[PDB]
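# Inside the fold
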Amino acid sequence: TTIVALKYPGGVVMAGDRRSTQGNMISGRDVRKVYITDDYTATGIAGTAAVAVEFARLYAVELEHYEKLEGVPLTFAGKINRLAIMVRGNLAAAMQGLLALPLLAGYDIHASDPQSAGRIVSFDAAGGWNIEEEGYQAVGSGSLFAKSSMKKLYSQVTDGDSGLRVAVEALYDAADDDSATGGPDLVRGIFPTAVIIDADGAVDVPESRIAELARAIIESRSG
Amino acid sequence: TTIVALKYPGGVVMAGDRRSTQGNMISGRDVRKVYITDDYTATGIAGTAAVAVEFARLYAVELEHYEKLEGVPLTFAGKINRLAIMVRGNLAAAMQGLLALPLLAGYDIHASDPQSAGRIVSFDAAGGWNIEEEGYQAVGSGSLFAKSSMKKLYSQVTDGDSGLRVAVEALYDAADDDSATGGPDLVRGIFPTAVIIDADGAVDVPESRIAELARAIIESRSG
Amino acid sequence: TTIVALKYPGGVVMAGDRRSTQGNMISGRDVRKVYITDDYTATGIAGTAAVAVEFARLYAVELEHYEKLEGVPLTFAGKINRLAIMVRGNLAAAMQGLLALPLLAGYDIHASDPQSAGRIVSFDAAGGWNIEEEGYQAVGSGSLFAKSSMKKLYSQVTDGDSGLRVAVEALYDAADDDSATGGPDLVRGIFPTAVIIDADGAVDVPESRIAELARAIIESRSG
Amino acid sequence: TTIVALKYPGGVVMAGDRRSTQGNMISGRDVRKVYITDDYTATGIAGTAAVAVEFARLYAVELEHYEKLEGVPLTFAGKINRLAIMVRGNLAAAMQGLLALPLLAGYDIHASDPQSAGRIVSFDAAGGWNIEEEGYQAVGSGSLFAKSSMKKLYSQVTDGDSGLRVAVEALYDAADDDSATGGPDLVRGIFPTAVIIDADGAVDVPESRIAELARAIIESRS
Amino acid sequence: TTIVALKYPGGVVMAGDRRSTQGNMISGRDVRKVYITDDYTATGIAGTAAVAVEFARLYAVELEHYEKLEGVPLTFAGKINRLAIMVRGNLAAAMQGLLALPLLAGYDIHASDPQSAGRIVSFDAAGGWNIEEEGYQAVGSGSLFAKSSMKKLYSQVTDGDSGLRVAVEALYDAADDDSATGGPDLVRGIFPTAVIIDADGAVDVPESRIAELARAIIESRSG
Amino acid sequence: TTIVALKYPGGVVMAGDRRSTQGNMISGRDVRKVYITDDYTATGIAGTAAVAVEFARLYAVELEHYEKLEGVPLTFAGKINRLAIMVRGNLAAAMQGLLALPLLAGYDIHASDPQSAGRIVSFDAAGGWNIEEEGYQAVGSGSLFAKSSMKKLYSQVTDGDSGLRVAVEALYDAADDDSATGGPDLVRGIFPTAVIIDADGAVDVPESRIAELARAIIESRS
Amino acid sequence: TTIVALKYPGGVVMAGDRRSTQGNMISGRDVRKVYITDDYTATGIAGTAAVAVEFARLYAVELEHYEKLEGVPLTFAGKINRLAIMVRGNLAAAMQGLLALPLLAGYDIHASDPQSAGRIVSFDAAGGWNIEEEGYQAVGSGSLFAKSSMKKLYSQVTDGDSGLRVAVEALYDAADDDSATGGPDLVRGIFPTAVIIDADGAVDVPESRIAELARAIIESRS
Ligand SMILES: Cc1cc(C(=O)N[C@@H](CC(=O)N2CCCC[C@@H]2C)C(=O)N[C@@H](C)C(=O)NCc2ccc(F)cc2F)no1
Ligand SMILES: Cc1cc(C(=O)N[C@@H](CC(=O)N2CCCC[C@@H]2C)C(=O)N[C@@H](C)C(=O)NCc2ccc(F)cc2F)no1
Ligand SMILES: Cc1cc(C(=O)N[C@@H](CC(=O)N2CCCC[C@@H]2C)C(=O)N[C@@H](C)C(=O)NCc2ccc(F)cc2F)no1
Ligand SMILES: Cc1cc(C(=O)N[C@@H](CC(=O)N2CCCC[C@@H]2C)C(=O)N[C@@H](C)C(=O)NCc2ccc(F)cc2F)no1
Ligand SMILES: Cc1cc(C(=O)N[C@@H](CC(=O)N2CCCC[C@@H]2C)C(=O)N[C@@H](C)C(=O)NCc2ccc(F)cc2F)no1
Ligand SMILES: Cc1cc(C(=O)N[C@@H](CC(=O)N2CCCC[C@@H]2C)C(=O)N[C@@H](C)C(=O)NCc2ccc(F)cc2F)no1
Ligand SMILES: Cc1cc(C(=O)N[C@@H](CC(=O)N2CCCC[C@@H]2C)C(=O)N[C@@H](C)C(=O)NCc2ccc(F)cc2F)no1
Ligand SMILES: Cc1cc(C(=O)N[C@@H](CC(=O)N2CCCC[C@@H]2C)C(=O)N[C@@H](C)C(=O)NCc2ccc(F)cc2F)no1
């Protein structure tokens, strides 16, 4: 797996590959690892597919459960701490092989400056978190390759499109070096999923946009 | 890894992928797994890269050694036996992780019928061997996918050229389902290597031919 | 074991073999592994016979329990989640050898287009699941042979007849390469079972239809 | 695997299946497990394919080696002893998975009575051996089914052809109950192999003959 | 450790950091890991400091010993094989913690195509080797970061100067993300080792030149 | 990690590096390991990032919980006992890798002398504690280097400013000899955090001041 | 143990403590850890006493053996290599508790600058070595205290006498923080040993001078 997230002016983008493996064997081509967890939050999870999807579903339900009970959504800090509590709670099963490493992207409607209201929170397996200040982050087996790619491309991000393209290209590099991260499948038309989030909320990115970017990156590296 | 070999009327063909891994990490893109071991035999080996290459080089040396000492090459049976002995002798290292699983494709200059002089010999890790009589064989992490593909595609083998297209297609199905087997890389121009052996000897198939078959396969799958 | 499921225009088909083993010894010849679990759902389980049959039985009971208590059946998404929760809850026992891997086929009377209302859901030993979008899937010790067979035969599926044929022939290839999958027994008159589901519901394919399909396949492969 | 051997009046027969497995996976359909190791002797071996075949080859080479050196072939007792020693030598390796379990069938040209010149000798993994006096024997994962089938079928053996048929039928029952033992494959045309030995020596039974016997058995059970 | 090597028109460059650790403790600041092993060859080794140094020394002696014994240096192929045999020979010790993972750069005075006589050979711990064809490679705990850095920077290599700049910048990225790799030390005036090889031989890059490259990279990233 | 604390006339200072690692790999550059845990108290924590931060958070909530329930803040001794009990409660987890090892710097508003009222308390992983009488202390993988530095530089501490200088230079030496301790990052502009506590309470030290001191030490060494 | 070595203008000095322990128990008070191995070379070894002493003895015999065989002494490099090889040879024993970690000081009579002819080489348990370029080094359980002490004191080293003072004071700090390093015993009159090496060769430092410097350090810290 590789999930990436990066801040662009007035928003965040998160994107994730579509591969599922069992050892060397490809068990999935179309898995979704990035979920809109609320109107201003998307979560992307690496590790054991079953636990990862379960984390995403549970998290979204907890957030909305608080919203309906108390009349108001959690503060972003609260959302961070609830995800962190979930990860810590899973530490023992993680060490037994039921792993879930999340990566949180969101838009803080209570931030002062909308330009930097985007938030990228990374986590370790003990529940430790860090709000990232350098613009991008990644999780999963290809996360190193993706992070080193964004280290070189991130300065190209000036809007939603350039950010979405840098994310997709970072996933392209990850799949190029990590066999457990799926690259774009142009025979099948399967492409990484991506969620973008700004003041108008969190939306899924149309498959055709990501398809187009993938093709441009491929051609760019061919000739 | 996936190595495939198959008989066609008058000859035999063996093709191998190009990928190297260390866990999920892709460590090589252009490794070679099929070697012309003598004028009428090619050997393709799956397993630890160092041990595979060493096997091919030593086997080829031993065959030519016998040839120059005795004024004649070994019978095809003898060549089988020397490979089987090499494998058996490596069994204990294989048990500790230094594995070499070979696959033998050759042409028997002493067979009565030159159209059925092609030989495909598979091996197990204990040095057992079987002269494959159903037309095709594969070894490596992707070999069950490649076998099951060739099972359906083998009626298309009517000469060396459709044999080569079927070998390349089997390797394509293998890369489709096994992340330790590398598919054709159209960005970089790296394709499986292939050897074709007939009455005139064993010769390497040029890259551009395999590339052409690969693009035909991809453009067929892609509708 | 091999259980296969595949979609055809307007519905879905699931079929399973009849063999039971304890090691190399054949302990059963007519066991049933594919059950109609409700009017529009069939479940096919691989693993330990006792746990597989128990899963089918308890799952069907659970679904009907819901429908009687609330006056309406679970959504298809509900059904998926309930099965997944069963598998997950059985994990530890599975790690101790009491394994039960289901494969779920169904027709969703609440889908938009009843011609793509077919559903194929595969699972892993954790609760993890995936809705198959490529038209076929298989579970059990023959699932790789069967899926690779279907990868080559699926283009022939244009209706339930060709769907049932491709399913029975995938089970034939499976039995052909996997000794723990039983092929058609022409001496005893024992054949894989099948369920077909379309907008009229789920129905057991009568044994004689499977028999003549099996005979056709065999004669195909003899000449 | 299943290897069977039985005595008929004036000779012996041995037949073996053709299946090779790795766990549940069928890895071979045409392996040969019964070999003519000399003009009056056949060995059939169960276990690890490479070791089975290596044993047959080295055993035949060894016997013929004695024959060329000393100008005369080993007594039947000496052949038994050489096989038994070869099996005992493999014990450590066999405990690690490189198992070879032989079954010997021969005709003793120095026996007293040609009617009782047939020999069937069974072995265990320690090299212990026994000369079968009850008419038949078998070795491999299917051997119990083959032997319980022969126990009921042996009274039909009255000549070479009925003994061959009983052997093929025993192997058929073995395959019916043991998945590591391959039955007749009518689609591909692969059948058990068989050697028959009498006063004129050991020969390979032709594949057609076994095919007919198998088709007869199948039809009879349908 | 991080060692990088890359090709440029007419030559090759290799460079390595200066750091030695014992767990988290810094135990050396001026260590040297890149050695001119003969007039046209340099070796950079990661792993246990004592093994790596010993490997370099012994390998140099081996090459020159052949050269004096036979009146002629080994082919480049033979130098590869000899290093590989040395590594294989060290496998068991490597598994007990006495690792030496070499990287080979050279200039082949007998190159078929005198245009591309530069050579870069990588090695795994079993003695497997591969002649890099994509222009660069790295070895050591920082090697993934250097390889992704160079993946982004390699197009800027058009001569020995730019090639040396990209090498040192890859080292800088490596130390940026790997505490086991030492960055430049402007306080003590300690910088990475480098060697550059072309048709006129192999030469140690003066420290001052690496100092200027380090200062250019640092100012580039300060603003 | 290195956390340092040292007493100066009328106060105390605590300062911590910004590095997080997983093995050799740098996983964070800007983490905060030093926390104002109440108006007169800071805690620096070495160990597992998640457990460390959790300790600081829980501890601050606990001290204020007492204060709001009882109308008055815990004595300094009680504050120590509550941290120590927390550490002891975590010993089982700490043996399995989830380690939090704290260092307490406070100002005791109840002490006799408002110039020697600064308090530095060190802890061990069982919750044992000691009130440091020799003026300075440190914790974390770099704590030995930091302490051997302050041993030499502590005579230069005459006020809050010089004490902060010695604290940042101790952190510098720690970074020089321990790769799990981050040194000043002039390119990115990340510097150790520091808190100073005196009679006026605990206050965060402005980054720009720590940056100044770091540049002065860096220049001094070259 | 703590063994220190540092360069002064035109020479080098090496000093070591006198303590031998078994667990917590003091088992020796006057052990010598620093040995003149030849006219221009001194070696000090931490680790297992028996092995350390055996290493120093056999090493001196090795160097003198080469000198009498070849009519000339080894180059400084050669002496290094011989020690490194000896250390690598003991690696397995060391891994099982029979450890020998040496520190090497010398004056290279074949050096270019007579003032840059001092030489300090450190080693790891695998036979890795490094020629130290920053002026000082130390080995033993107290070598981090000793090296951090010398990091701060090395500026005061301007001649051989000041260098000796820094060596002894570094050892003193080592003893202050490491119970396996023995500080000056004024009651018994046992003090560290010290070799000085310059162009005129290597010499034992008289005990009276080290005792003098020791009491100066002690009185200085009260
Ligand atoms: C005890 C156990 C482990 C497994 C296992 O390996 N399960 C695989 C997943 C898998 O084979 N599947 C096919 C069948 C239907 C469900 C699913 C899609 C996995 O989890 N593999 C890991 C290595 C993986 O690929 N994880 C990627 C991933 C991450 C987040 C996410 F949401 C989905 C994902 F696939 N199963 O049981
Ligand atoms: C202890 C240890 C393990 C390994 C290891 O996994 N070594 C890899 C090989 C590797 O990482 N390499 C890049 C650097 C240079 C040489 C080579 C190309 C391997 O053997 N991996 C296996 C899984 C593999 O991919 N095998 C495929 C293969 C088959 C035949 C062949 F000739 C070459 C191949 F790469 N090495 O040391
Ligand atoms: C703890 C334990 C397990 C077993 C065991 O392996 N029990 C076998 C089943 C068996 O010997 N039996 C005959 C008598 C009774 C009924 C049944 C039919 C099995 O579970 N074998 C597994 C490997 C198997 O063959 N599974 C195929 C299968 C799948 C789904 C299903 F519904 C039924 C099936 F037989 N025995 O004890
Ligand atoms: C350590 C090890 C074991 C094995 C293994 O299981 N090897 C299988 C054999 C196999 O997969 N093969 C195909 C490829 C080449 C040769 C052979 C034909 C086996 O030995 N299986 C055993 C259980 C078996 O099936 N034995 C039947 C048998 C008996 C005698 C004989 F001569 C030949 C046979 F196949 N391989 O390495
Ligand atoms: C690794 C292994 C185990 C065995 C094993 O248990 N071998 C059995 C003997 C056996 O199955 N056989 C038939 C096939 C040919 C030879 C022999 C006749 C045994 O040794 N069983 C023991 C428990 C036994 O019965 N011992 C009785 C005995 C004592 C003395 C003697 F001379 C002969 C005997 F059979 N053999 O190899
Ligand atoms: C059995 C054993 C291993 C070690 C150990 O970890 N020894 C360290 C090296 C060390 O502490 N040293 C200082 C004193 C002498 C010289 C040397 C420089 C190491 O090998 N560390 C590894 C992790 C390392 O940093 N390796 C980097 C490296 C690579 C190539 C090279 F040539 C030199 C290097 F230091 N010690 O004992
Ligand atoms: C069981 C387990 C351990 C770990 C682990 O090693 N976790 C690392 C921390 C890490 O990789 N992270 C990035 C993303 C999330 C948040 C955090 C910042 C750690 O704890 N490393 C230790 C060695 C460490 O660096 N501790 C330093 C430290 C001390 C106090 C503090 F408050 C914060 C700190 F980072 N993960 O799971
Ligand atoms: C089972 C066993 C224990 C030991 C052991 O610990 N042996 C001690 C030495 C000791 O107890 N002794 C008194 C009796 C006479 C010999 C000596 C003086 C040691 O080696 N302890 C280590 C920890 C130590 O203190 N080493 C200091 C040292 C270093 C170098 C040197 F040359 C001399 C030294 F004493 N050896 O074997």
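Residues numbered from 1 in each chain as written, not as in the entry; some residues may be left out. Chains lettered and ligands numbered in written order. Part of a larger assembly, values for the part shown. Heavy atoms only, no water.

- Going by the header, the method for this PDB entry is X-ray crystallography, and the resolution given is 2.60 Å.

## Details of the overall build of chain D
- Across its full length, chain D holds 6 helices and 12 strands.
- At 16 Å, chain D has a C-alpha radius of gyration in line with the 17 Å of a compact globule built from 222 residues.
- The principal-axis extent of the C-alpha atoms belonging to chain D is close to 55 × 40 × 25 Å.
- Residue burial in chain D is summarised as follows: out of 222 residues, 52% are buried.
- Restricting the contact set of chain D to residue pairs at least 6 apart, pairs at least 24 apart contribute 61%.
- Treating the 20 positive side-chain charges of chain D as one cloud and the 29 negative ones as another, the clouds have centres 4 Å apart. (Helix = DSSP H or I, 4+ residues; strand = E, 2+ residues; numbered from the N terminus. Rg over C-alpha atoms; globule rule 2.2 N^0.38 Å. Buried < 20%, exposed > 50% of the residue type's maximum accessible area, 1.4 Å probe, protein only. Contact = heavy atoms within 4.5 Å. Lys, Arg positive; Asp, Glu negative; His and termini not counted. Charge placed at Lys NZ, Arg CZ, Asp CG, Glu CD.)

## Considering the relation of the copies chain B and chain C
- After a rotation of 180° and a shift along the axis of 0.1 Å, chain B superposes on chain C with an RMSD of 0.2 Å. The two molecules are tied by a two-fold rotation axis, judged by turn and shift. Relative to the rotation axis, the closest C-alpha in chain B is found at B:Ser148, a distance of 2.9 Å. (Least-squares fit on C-alpha atoms.)

## Description of the interface of chain A and chain B
- Opposite the 19 residues of chain A that make contact, chain B presents 20 residues.
- Carbon and sulfur atoms supply 45% of the area buried between chain A and chain B, which totals about 1,500 Å² over both sides.
- The largest per-residue losses of area from chain A upon contact with chain B belong to A:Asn24, A:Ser179 and A:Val187, which jointly make up 37% of the total buried on that side.
- Counting across the interface, chain A meets chain B through 6 salt bridges.
- Close ionic contact of A:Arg29 with B:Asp176 constitutes a salt bridge, the shortest N to O distance being 3.7 Å.
- Here chain A and chain B share 9 residue pairs in polar contact between them.
- For the side of chain A that touches chain B, the secondary structure elements donating two or more residues are β4 (25–28), α5 (160–177) and α6 (207–222) of chain A.
- The greatest single-element share of the side of chain A that touches chain B, amounting to 4 residues, is contributed by α5(A).
- Of the residues contributing to the side of chain A that touches chain B, the split by class is 8 nonpolar, 4 polar and 7 charged. (Buried area = accessible area lost by both parts, 1.4 Å probe. Salt bridge = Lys/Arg side-chain N within 4 Å of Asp/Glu carboxyl O. Polar contact = N/O pair within 3.5 Å; in protein donor to acceptor, adjacent residues only side chain to side chain. Nonpolar A, V, L, I, M, F, W, Y, C, P; charged D, E, K, R; others polar.)

## A word on the sheet that holds strand β9 (residues 129–131) of chain E
Residue and element names in this part refer to chain E.
- With antiparallel pairing, the 5 strands of this open sheet are ordered in space as β5-β6-β7-β8-β9. The open sheet has two free edges, formed respectively by β5 (34–38) and β9, since each of these has just one partner strand. Recorded for the sheet is a direction-independent mean angle of 25° between the axes of neighbouring strands.
- Note: strand β6 (residues 41–47) against strand β7 (residues 100–107), 7 bridges, orientation antiparallel. Among the inter-strand pairings, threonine 41 is bridged to a residue of β7, identified as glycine 106.
- Together, β5, β6, β7, β8 (118–123) and β9 form the strand contacts of helix α2 (residues 76–95), whose direction differs from that of β7 by roughly 175°. (Pairing = 2+ DSSP bridges. Axes fitted to C-alpha atoms, helices over the stretch in contact; angles between N-to-C directions.)

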